[PDB]
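A.B. asks: coords-v4.cif is the file, holding mmCIF, C-alpha atoms and all ligand atoms:
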data_structure
loop_
_atom_site.label_atom_id
_atom_site.label_comp_id
_atom_site.auth_asym_id
_atom_site.auth_seq_id
_atom_site.Cartn_x
_atom_site.Cartn_y
_atom_site.Cartn_z
CA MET A 1 -21.46 -10.18 -17.03
CA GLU A 2 -20.84 -11.43 -20.58
CA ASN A 3 -18.86 -14.45 -19.31
CA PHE A 4 -18.76 -13.86 -15.57
CA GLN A 5 -20.98 -15.20 -12.82
CA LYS A 6 -21.01 -12.86 -9.82
CA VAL A 7 -20.31 -14.73 -6.59
CA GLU A 8 -20.52 -11.81 -4.17
CA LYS A 9 -19.64 -8.15 -3.68
CA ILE A 10 -16.16 -7.82 -2.21
CA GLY A 11 -16.71 -4.11 -1.64
CA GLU A 12 -16.48 -0.61 -3.03
CA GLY A 13 -12.84 -0.06 -3.95
CA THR A 14 -11.08 3.22 -4.68
CA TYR A 15 -11.85 2.97 -8.40
CA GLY A 16 -15.25 1.30 -8.17
CA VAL A 17 -17.23 -1.78 -7.17
CA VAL A 18 -15.33 -5.05 -6.81
CA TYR A 19 -16.97 -8.47 -7.11
CA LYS A 20 -15.70 -11.98 -6.55
CA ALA A 21 -16.71 -13.66 -9.81
CA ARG A 22 -16.46 -16.97 -11.64
CA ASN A 23 -15.46 -17.25 -15.28
CA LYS A 24 -18.27 -19.42 -16.63
CA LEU A 25 -15.95 -20.96 -19.25
CA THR A 26 -12.71 -21.50 -17.33
CA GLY A 27 -14.31 -22.02 -13.93
CA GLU A 28 -11.69 -19.61 -12.61
CA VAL A 29 -12.63 -17.48 -9.57
CA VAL A 30 -11.39 -13.89 -9.90
CA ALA A 31 -11.84 -10.38 -8.53
CA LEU A 32 -13.65 -8.17 -11.02
CA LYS A 33 -13.23 -4.42 -10.61
CA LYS A 34 -15.69 -2.16 -12.43
CA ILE A 35 -13.86 1.12 -13.10
CA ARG A 36 -15.70 4.44 -12.73
CA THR A 41 -17.02 8.86 -15.94
CA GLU A 42 -17.97 9.26 -19.60
CA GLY A 43 -15.34 8.17 -22.12
CA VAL A 44 -12.49 6.07 -20.68
CA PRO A 45 -9.14 7.71 -21.66
CA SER A 46 -7.13 5.76 -24.23
CA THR A 47 -3.95 6.71 -22.37
CA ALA A 48 -5.36 4.87 -19.36
CA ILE A 49 -6.11 1.70 -21.32
CA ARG A 50 -2.62 1.64 -22.85
CA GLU A 51 -1.03 2.16 -19.45
CA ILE A 52 -3.19 -0.44 -17.73
CA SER A 53 -2.62 -2.92 -20.55
CA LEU A 54 1.11 -2.68 -19.85
CA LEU A 55 0.59 -3.87 -16.26
CA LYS A 56 -0.69 -7.21 -17.57
CA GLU A 57 2.98 -7.97 -18.23
CA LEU A 58 4.09 -7.16 -14.67
CA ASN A 59 4.14 -10.69 -13.22
CA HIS A 60 5.78 -11.61 -9.88
CA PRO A 61 4.86 -14.01 -7.03
CA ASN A 62 4.23 -11.10 -4.67
CA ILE A 63 2.13 -9.01 -7.04
CA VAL A 64 -1.59 -9.67 -7.57
CA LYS A 65 -1.83 -10.70 -11.24
CA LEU A 66 -3.82 -8.48 -13.58
CA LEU A 67 -5.45 -11.13 -15.77
CA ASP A 68 -7.37 -8.91 -18.13
CA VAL A 69 -8.32 -5.38 -18.99
CA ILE A 70 -11.76 -5.41 -20.54
CA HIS A 71 -12.79 -2.34 -22.46
CA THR A 72 -16.23 -3.08 -23.93
CA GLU A 73 -19.55 -1.21 -24.11
CA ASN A 74 -17.25 1.75 -23.41
CA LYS A 75 -16.80 0.41 -19.88
CA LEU A 76 -13.61 -0.67 -18.10
CA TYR A 77 -13.27 -3.84 -16.05
CA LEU A 78 -10.12 -5.11 -14.42
CA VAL A 79 -9.85 -8.84 -13.85
CA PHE A 80 -7.44 -9.79 -11.07
CA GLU A 81 -6.34 -13.06 -9.55
CA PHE A 82 -8.39 -13.71 -6.39
CA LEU A 83 -7.02 -13.99 -2.82
CA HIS A 84 -9.24 -14.73 0.18
CA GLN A 85 -8.24 -12.15 2.75
CA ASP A 86 -6.51 -8.81 3.05
CA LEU A 87 -3.98 -7.74 5.67
CA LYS A 88 -6.30 -5.22 7.31
CA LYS A 89 -8.78 -7.98 8.18
CA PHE A 90 -5.93 -10.30 9.24
CA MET A 91 -4.47 -7.68 11.57
CA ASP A 92 -7.87 -7.05 13.13
CA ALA A 93 -8.32 -10.80 13.59
CA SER A 94 -4.85 -11.02 15.15
CA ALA A 95 -5.42 -7.99 17.40
CA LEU A 96 -5.66 -9.96 20.67
CA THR A 97 -2.42 -11.89 20.40
CA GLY A 98 -0.63 -10.04 17.61
CA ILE A 99 0.85 -11.47 14.42
CA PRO A 100 3.91 -13.54 15.41
CA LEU A 101 7.24 -11.82 14.61
CA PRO A 102 8.34 -14.55 12.21
CA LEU A 103 5.20 -13.99 10.11
CA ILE A 104 5.55 -10.20 10.27
CA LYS A 105 9.12 -10.65 9.00
CA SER A 106 8.05 -13.05 6.25
CA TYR A 107 5.36 -10.66 5.07
CA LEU A 108 7.64 -7.60 5.11
CA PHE A 109 10.31 -9.53 3.21
CA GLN A 110 7.84 -10.68 0.58
CA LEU A 111 6.35 -7.20 0.20
CA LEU A 112 9.84 -5.75 -0.27
CA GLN A 113 10.55 -8.34 -2.99
CA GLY A 114 7.34 -7.26 -4.71
CA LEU A 115 8.29 -3.60 -4.43
CA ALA A 116 11.83 -4.29 -5.64
CA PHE A 117 10.34 -5.95 -8.71
CA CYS A 118 7.84 -3.18 -9.49
CA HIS A 119 10.35 -0.41 -8.90
CA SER A 120 12.92 -2.09 -11.15
CA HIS A 121 10.23 -1.96 -13.88
CA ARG A 122 9.51 1.70 -13.19
CA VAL A 123 6.11 0.99 -11.69
CA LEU A 124 5.04 2.70 -8.47
CA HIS A 125 2.08 1.84 -6.27
CA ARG A 126 1.51 5.21 -4.52
CA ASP A 127 -1.36 4.03 -2.30
CA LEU A 128 -0.16 1.07 -0.31
CA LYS A 129 -2.29 0.24 2.73
CA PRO A 130 -3.19 -2.95 4.61
CA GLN A 131 -6.40 -3.34 2.61
CA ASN A 132 -4.32 -3.56 -0.60
CA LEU A 133 -2.09 -6.36 0.71
CA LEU A 134 -3.62 -9.77 0.05
CA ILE A 135 -2.79 -13.05 1.74
CA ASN A 136 -3.44 -16.73 1.18
CA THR A 137 -3.25 -19.92 3.25
CA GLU A 138 0.24 -20.78 1.97
CA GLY A 139 1.90 -17.86 3.75
CA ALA A 140 2.18 -15.67 0.68
CA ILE A 141 1.33 -11.95 0.66
CA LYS A 142 0.85 -9.93 -2.54
CA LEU A 143 0.57 -6.25 -3.44
CA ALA A 144 -2.67 -5.29 -5.19
CA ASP A 145 -3.26 -2.29 -7.47
CA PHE A 146 0.32 -1.45 -8.45
CA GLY A 147 0.42 1.14 -11.22
CA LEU A 148 -3.28 2.04 -11.16
CA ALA A 149 -2.71 5.43 -9.53
CA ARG A 150 -0.41 6.54 -12.36
CA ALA A 151 -2.60 4.98 -15.06
CA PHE A 152 -5.55 6.82 -13.47
CA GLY A 153 -5.51 9.61 -10.89
CA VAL A 154 -5.97 11.10 -7.42
CA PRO A 155 -8.08 9.10 -4.89
CA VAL A 156 -9.93 11.37 -2.42
CA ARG A 157 -13.15 9.34 -2.63
CA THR A 158 -13.73 5.81 -3.96
CA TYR A 159 -16.83 6.54 -6.06
CA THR A 160 -19.47 6.79 -3.34
CA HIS A 161 -18.11 9.44 -0.97
CA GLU A 162 -15.75 7.22 1.04
CA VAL A 163 -13.11 8.75 3.32
CA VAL A 164 -9.68 8.32 1.70
CA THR A 165 -7.15 6.94 4.20
CA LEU A 166 -4.12 9.20 4.58
CA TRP A 167 -2.39 7.10 7.23
CA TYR A 168 0.20 5.67 4.89
CA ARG A 169 0.97 8.78 2.82
CA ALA A 170 4.62 9.83 2.57
CA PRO A 171 5.46 13.36 3.82
CA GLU A 172 6.61 14.59 0.42
CA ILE A 173 3.09 13.85 -0.94
CA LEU A 174 1.51 15.68 1.98
CA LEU A 175 3.82 18.66 1.41
CA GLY A 176 2.58 18.93 -2.14
CA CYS A 177 5.37 17.44 -4.19
CA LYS A 178 4.13 16.86 -7.71
CA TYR A 179 6.54 14.09 -8.61
CA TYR A 180 6.35 10.83 -6.70
CA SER A 181 9.32 8.49 -6.47
CA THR A 182 9.71 4.86 -5.48
CA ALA A 183 10.37 6.15 -1.95
CA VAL A 184 6.68 6.82 -1.34
CA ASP A 185 6.06 3.07 -1.36
CA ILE A 186 8.87 2.35 1.11
CA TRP A 187 7.33 4.95 3.47
CA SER A 188 3.89 3.31 3.27
CA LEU A 189 5.37 -0.15 3.86
CA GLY A 190 7.30 1.17 6.86
CA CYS A 191 4.02 2.49 8.31
CA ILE A 192 2.46 -0.95 7.73
CA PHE A 193 5.43 -2.77 9.30
CA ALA A 194 5.05 -0.62 12.46
CA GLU A 195 1.30 -1.26 12.62
CA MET A 196 1.78 -5.06 12.38
CA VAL A 197 4.25 -4.85 15.27
CA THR A 198 2.35 -2.57 17.66
CA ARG A 199 -1.20 -3.46 16.59
CA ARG A 200 -2.04 0.21 16.22
CA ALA A 201 -1.73 2.53 13.19
CA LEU A 202 1.49 4.53 13.36
CA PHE A 203 0.10 7.83 12.01
CA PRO A 204 -3.71 7.75 12.03
CA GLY A 205 -4.40 11.24 10.69
CA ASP A 206 -7.96 12.32 9.98
CA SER A 207 -7.02 15.24 7.71
CA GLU A 208 -4.04 16.14 5.56
CA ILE A 209 -2.69 18.53 8.19
CA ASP A 210 -3.46 16.19 11.09
CA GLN A 211 -1.59 13.49 9.14
CA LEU A 212 1.41 15.71 8.59
CA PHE A 213 1.48 16.91 12.19
CA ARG A 214 1.17 13.36 13.58
CA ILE A 215 4.26 12.46 11.53
CA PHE A 216 6.03 15.61 12.81
CA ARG A 217 5.12 14.88 16.43
CA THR A 218 6.73 11.48 16.21
CA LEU A 219 9.69 11.93 13.87
CA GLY A 220 10.33 15.60 14.64
CA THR A 221 9.42 18.55 12.42
CA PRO A 222 11.69 18.23 9.36
CA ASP A 223 14.29 20.88 8.62
CA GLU A 224 16.95 21.59 6.03
CA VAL A 225 19.48 19.50 7.96
CA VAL A 226 17.62 16.20 7.74
CA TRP A 227 15.66 17.04 4.59
CA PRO A 228 17.45 19.42 2.19
CA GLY A 229 14.86 21.37 0.23
CA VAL A 230 11.95 20.72 2.58
CA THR A 231 11.32 24.41 3.28
CA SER A 232 10.86 25.05 -0.44
CA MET A 233 8.15 22.40 -0.76
CA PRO A 234 4.79 23.58 -2.23
CA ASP A 235 2.78 23.27 0.97
CA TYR A 236 5.51 23.83 3.51
CA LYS A 237 4.73 26.71 5.89
CA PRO A 238 7.35 28.38 8.12
CA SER A 239 4.53 28.48 10.66
CA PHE A 240 4.55 24.68 11.17
CA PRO A 241 5.14 23.94 14.86
CA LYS A 242 8.59 22.56 15.63
CA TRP A 243 8.32 19.22 17.44
CA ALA A 244 11.28 17.24 18.75
CA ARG A 245 11.87 13.71 17.44
CA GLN A 246 10.87 10.75 19.63
CA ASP A 247 12.88 7.58 20.23
CA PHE A 248 11.98 4.51 18.14
CA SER A 249 12.22 2.49 21.32
CA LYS A 250 9.09 4.39 22.31
CA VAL A 251 7.41 4.28 18.88
CA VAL A 252 7.41 0.56 18.10
CA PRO A 253 8.06 -1.30 21.33
CA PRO A 254 9.04 -4.11 21.79
CA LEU A 255 10.59 -4.43 18.31
CA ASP A 256 14.32 -5.28 18.45
CA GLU A 257 17.17 -3.07 17.26
CA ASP A 258 17.37 -4.83 13.86
CA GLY A 259 13.68 -4.04 13.32
CA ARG A 260 14.01 -0.48 14.65
CA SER A 261 17.03 0.10 12.46
CA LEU A 262 15.24 -1.03 9.29
CA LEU A 263 12.07 0.91 10.13
CA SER A 264 14.10 4.05 10.78
CA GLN A 265 15.59 3.73 7.29
CA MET A 266 12.15 3.22 5.73
CA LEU A 267 10.89 6.37 7.47
CA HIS A 268 13.65 8.84 6.64
CA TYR A 269 12.11 12.17 5.71
CA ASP A 270 14.30 12.80 2.66
CA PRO A 271 12.96 10.48 -0.07
CA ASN A 272 16.51 10.26 -1.38
CA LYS A 273 17.87 8.98 1.94
CA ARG A 274 14.99 6.50 2.42
CA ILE A 275 16.15 2.92 1.92
CA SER A 276 15.34 1.19 -1.36
CA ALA A 277 13.38 -2.09 -1.45
CA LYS A 278 16.49 -3.86 -2.82
CA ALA A 279 18.74 -2.49 -0.07
CA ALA A 280 16.13 -3.25 2.62
CA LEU A 281 16.11 -6.93 1.59
CA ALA A 282 19.79 -7.08 2.58
CA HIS A 283 19.18 -5.58 6.05
CA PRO A 284 20.32 -7.72 9.08
CA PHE A 285 16.69 -7.87 10.23
CA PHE A 286 16.12 -10.54 7.55
CA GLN A 287 19.03 -12.74 8.58
CA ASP A 288 16.64 -15.28 10.10
CA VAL A 289 13.65 -14.82 7.81
CA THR A 290 11.44 -17.86 7.16
CA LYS A 291 8.03 -18.48 5.64
CA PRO A 292 5.49 -19.46 8.34
CA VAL A 293 1.93 -20.72 7.73
CA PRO A 294 -0.63 -18.19 8.98
CA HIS A 295 -3.68 -19.23 11.00
CA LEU A 296 -6.28 -18.14 8.47
CA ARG A 297 -9.98 -18.63 9.13
CA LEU A 298 -11.96 -18.20 5.92
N1 LIG A 301 -8.02 -9.50 -5.74
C1 LIG A 301 -8.78 -9.82 -4.63
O1 LIG A 301 -9.00 -10.99 -4.36
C2 LIG A 301 -9.26 -8.68 -3.81
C3 LIG A 301 -9.55 -7.42 -4.45
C4 LIG A 301 -10.00 -6.28 -3.68
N2 LIG A 301 -10.28 -5.09 -4.33
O2 LIG A 301 -10.68 -4.11 -3.65
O3 LIG A 301 -10.14 -5.05 -5.56
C5 LIG A 301 -10.15 -6.42 -2.26
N3 LIG A 301 -10.57 -5.33 -1.49
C6 LIG A 301 -11.72 -5.41 -0.60
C7 LIG A 301 -11.20 -5.37 0.83
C8 LIG A 301 -12.33 -5.64 1.81
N4 LIG A 301 -11.73 -5.59 3.14
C9 LIG A 301 -12.30 -6.72 4.04
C10 LIG A 301 -11.66 -6.65 5.44
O4 LIG A 301 -10.66 -5.46 5.54
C11 LIG A 301 -11.33 -4.11 5.18
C12 LIG A 301 -11.97 -4.19 3.77
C13 LIG A 301 -9.86 -7.66 -1.62
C14 LIG A 301 -9.42 -8.80 -2.38
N5 LIG A 301 -9.15 -10.02 -1.75
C15 LIG A 301 -9.29 -10.24 -0.30
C16 LIG A 301 -10.75 -10.44 0.08
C17 LIG A 301 -11.30 -9.72 1.18
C18 LIG A 301 -12.67 -9.89 1.56
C19 LIG A 301 -13.49 -10.78 0.82
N6 LIG A 301 -12.95 -11.50 -0.28
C20 LIG A 301 -11.59 -11.34 -0.66
#
Show me this structure written as structure tokens.
C.D. replies:
Amino acid sequence: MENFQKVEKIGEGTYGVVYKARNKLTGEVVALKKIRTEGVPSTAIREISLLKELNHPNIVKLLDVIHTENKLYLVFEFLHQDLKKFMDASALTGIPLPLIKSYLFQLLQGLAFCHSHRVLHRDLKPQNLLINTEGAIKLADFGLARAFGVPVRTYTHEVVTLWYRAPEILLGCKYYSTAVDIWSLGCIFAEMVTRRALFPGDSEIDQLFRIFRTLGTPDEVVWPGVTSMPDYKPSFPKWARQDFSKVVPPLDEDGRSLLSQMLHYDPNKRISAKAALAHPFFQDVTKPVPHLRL
């Protein structure tokens, strides 16, 4: 690195290798993402550069976009743990409801902010939600999907997780809306509560059918226009909807109500981040300190 001192490899992200690094001049510790083929689209750099201005307490700050030696590096503020690791670590006892509520509330504030600035995430998952010792949680990688492209494989043949994909994406809709992020966050909310992924599909069709088996196969009544979707097939099995009381026990009715609104099939009926923040579930929200072992 021209000015960076690699501390350690954080992993192989969706867009490339990520390292925890220290700025030799500022002393600042950051996450450095090396972006993967041969050229680096100027449209991408302009788009990414715009995200440097998207600053909010619940959004991982994009510090710099470095385009040198015809290579692209993304410098992000560093956080010590991600929600996937935290959930695994909390698997035995479960994350306390007050902390689940604090995290959901903060994530919705982050989404409300991004969506108000016309920025979508499109690939929210526990691994992209970062936490610190102060009880904060932040969304990482907002806007990169649009600035770049389809995931599929990180850069070293790595199975793309479909568990948090909204149904309209799975049915081949070409235009994503802010609703896709609310769907993903609803899936994450459920997983924090039950300690098990809500829809752990291992293929696009298994993902879609797992959603259908739980929420019922969508029809024109609950989702106008669904039968005209690109990948909709009249041959899809018709499953009956299950009761939320069975899906996310023992979450209370306020929680079930909010989750149900975050998981509506019709993206237009799905609750917005702004509206969700006003839901009765957050009446008693607080900001607890998590037990973080680093
Ligand atoms: N900005 C960051 O600080 C950060 C960036 C990425 N990233 O991919 O760009 C990341 N992702 C790697 C996620 C690795 N996880 C570990 C356990 O859950 C499954 C995969 C984790 C991060 N911070 C938390 C973080 C996590 C681990 C070490 N250091 C910082």
A.B. asks: Using only C-alpha atoms, pick whichever of A:11, A:45, A:259, A:254 has the shortest atom-to-atom distance to residue 193 of chain A.
C.D. replies: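 Ranking A:11, A:45, A:259, A:254 by distance to residue 193 of chain A, first place goes to A:259.
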A.B. asks: Within 10 Å of ligand LIG 301 (chain A), which residues of chain A come that close, and what is the closest atom pair and distance in Å for each? Count only C-alpha atoms and all ligand atoms and give it as a Markdown table.
C.D. replies:
| residue | atom | partner | partner_atom | distance |
| --- | --- | --- | --- | --- |
| A:8 | CA | A:LIG301 | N6 | 8.5 |
| A:9 | CA | A:LIG301 | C19 | 8.1 |
| A:10 | CA | A:LIG301 | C19 | 5.0 |
| A:11 | CA | A:LIG301 | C6 | 5.3 |
| A:12 | CA | A:LIG301 | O2 | 6.8 |
| A:13 | CA | A:LIG301 | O2 | 4.6 |
| A:14 | CA | A:LIG301 | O2 | 7.4 |
| A:15 | CA | A:LIG301 | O2 | 8.6 |
| A:16 | CA | A:LIG301 | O2 | 8.4 |
| A:17 | CA | A:LIG301 | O2 | 7.8 |
| A:18 | CA | A:LIG301 | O3 | 5.3 |
| A:19 | CA | A:LIG301 | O3 | 7.8 |
| A:20 | CA | A:LIG301 | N6 | 6.9 |
| A:21 | CA | A:LIG301 | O1 | 9.8 |
| A:29 | CA | A:LIG301 | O1 | 9.1 |
| A:30 | CA | A:LIG301 | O1 | 6.7 |
| A:31 | CA | A:LIG301 | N1 | 4.8 |
| A:32 | CA | A:LIG301 | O3 | 7.2 |
| A:33 | CA | A:LIG301 | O3 | 6.0 |
| A:34 | CA | A:LIG301 | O3 | 9.3 |
| A:64 | CA | A:LIG301 | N1 | 6.7 |
| A:65 | CA | A:LIG301 | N1 | 8.4 |
| A:66 | CA | A:LIG301 | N1 | 9.0 |
| A:78 | CA | A:LIG301 | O3 | 8.9 |
| A:79 | CA | A:LIG301 | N1 | 8.3 |
| A:80 | CA | A:LIG301 | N1 | 5.4 |
| A:81 | CA | A:LIG301 | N1 | 5.5 |
| A:82 | CA | A:LIG301 | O1 | 3.4 |
| A:83 | CA | A:LIG301 | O1 | 3.9 |
| A:84 | CA | A:LIG301 | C20 | 4.2 |
| A:85 | CA | A:LIG301 | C15 | 3.7 |
| A:86 | CA | A:LIG301 | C15 | 4.6 |
| A:87 | CA | A:LIG301 | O4 | 7.1 |
| A:88 | CA | A:LIG301 | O4 | 4.7 |
| A:89 | CA | A:LIG301 | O4 | 4.1 |
| A:90 | CA | A:LIG301 | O4 | 7.7 |
| A:91 | CA | A:LIG301 | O4 | 8.9 |
| A:92 | CA | A:LIG301 | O4 | 8.2 |
| A:93 | CA | A:LIG301 | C10 | 9.7 |
| A:130 | CA | A:LIG301 | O4 | 7.9 |
| A:131 | CA | A:LIG301 | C7 | 5.5 |
| A:132 | CA | A:LIG301 | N3 | 6.6 |
| A:133 | CA | A:LIG301 | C13 | 8.2 |
| A:134 | CA | A:LIG301 | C15 | 5.7 |
| A:135 | CA | A:LIG301 | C15 | 7.4 |
| A:136 | CA | A:LIG301 | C15 | 8.9 |
| A:142 | CA | A:LIG301 | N1 | 9.4 |
| A:143 | CA | A:LIG301 | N1 | 9.5 |
| A:144 | CA | A:LIG301 | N1 | 6.8 |
| A:145 | CA | A:LIG301 | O3 | 7.7 |
| A:298 | CA | A:LIG301 | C19 | 9.1 |
A.B. asks: Quick one: pull the distance between atom CA of residue 177 of chain A and atom CA of residue 211 of chain A, Å, one decimal.
C.D. replies: 15.5 Å
A.B. asks: Hey, could you make a per-residue contact list for segment 237-262 of chain A against segment 204-209 of chain A with 12 Å as the cut-off, showing the nearest pair of atoms and its distance in Å to one decimal, counting only C-alpha atoms, sorted by chain and number, as CSV?
C.D. replies:
residue,atom,partner,partner_atom,distance
A:237,CA,A:209,CA,11.3
A:240,CA,A:209,CA,10.0
A:241,CA,A:209,CA,11.6
A.B. asks: Which residue gives the smallest distance to residue 271 of chain A among A:108, A:154, A:186, A:99, with all atoms listed in the file counted?
C.D. replies: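 Once distances to residue 271 of chain A are computed over all atoms listed in the file, the minimum belongs to A:186.
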A.B. asks: Quote the spacing between atom CA of residue 106 of chain A and atom CA of residue 293 of chain A in Å to one decimal place.
C.D. replies: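 Interatomic distance, atom CA of residue 106 of chain A to atom CA of residue 293 of chain A: 9.9 Å.
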A.B. asks: Excluding residue 195 of chain A and its own-chain neighbours fewer than 6 positions away, which residues fall within 9 Å of it when counting only C-alpha atoms? Please give them as a VMD selection string.
C.D. replies: chain A and resid 91 201 to 202 252
A.B. asks: Within 10 Å of (6.2, -15.7, 1.5) (file coordinates; all atoms listed in the file), which protein or nucleic acid residues are there? I'd like them as an NGL selection string.
C.D. replies: :A and (61-62 or 103 or 105-111 or 113 or 135-136 or 138-142 or 289-293)
